[PDB]
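Let's start with one chain on its own, the form deposited in one PDB entry, as structure tokens.
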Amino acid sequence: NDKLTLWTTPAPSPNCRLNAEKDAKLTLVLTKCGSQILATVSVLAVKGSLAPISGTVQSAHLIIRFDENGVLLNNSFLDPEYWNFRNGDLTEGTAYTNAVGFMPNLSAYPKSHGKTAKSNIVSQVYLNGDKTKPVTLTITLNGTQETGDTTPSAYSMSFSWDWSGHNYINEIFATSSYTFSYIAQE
């Protein structure tokens, strides 16, 4: 919907940093179905060590941090330009000021409790949609674990892709789409 969908738009421009600024295209759509958020995620590297995959990396990580109002923190690895409520296949003209209804519930997934089993959704996605090339995806809710002397978030969602033990050298890091849901804050 419009106010019920917070997304990166369906076909985003490079909008996130896996290793270098805007080195990847993250497609993330959060659809509010009341108490739970229905999400679909996919990622594609466009430059750097993941395009194509080199021998120095066997995982990629992205941490999205939000303030108490569900707004992206200033030093976000996800570019804020096209992260907004939906309007057709694009986004609202003006930046949202509140998206708490899309945030991961703090009672279900307490802050810093990323080690807690429940705060993690773990599954396999596939490189280039190829069934013979599995990649483990671990989604952690409100795990954050602030990077020492930095600015703390109220909420966070982290994506961790791991292909340890596989030789995908020279393949472009691109994953199949994956669906998951989580309990909303309100």
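Rigid core here is just the name for the largest C-alpha set that superposes within 1.5 Å across the two forms. From 1 onward, residues are counted along the sequence shown.
A second form of this protein, the form deposited with a partner chain bound, is not displayed here; the remarks below concern that form.
Taken together, 71, 76 and 152 are entirely out of contact with the partner chain in the entry with it bound: none brings a heavy atom within 4.5 Å. Though the partner is left out of this view, residue 147 does not reach within 4.5 Å of the partner chain in the entry with it bound, counting heavy atoms only.
Looking at residue 20, you'd find every heavy atom of it more than 4.5 angstroms from the partner chain in the entry with it bound. Lining up the core between this form and the one not shown shows that one residue from 35, 147, 132, 124 moves its Cα 2 Å or more, and that residue is 147. Note: the CA-CA distance for residue 19 and residue 147 expands in the entry with it bound relative to this form, by 3 angstroms or more. Note: the CA-CA distance for residue 147 and residue 175 expands in the entry with it bound relative to this form, by 3 angstroms or more.
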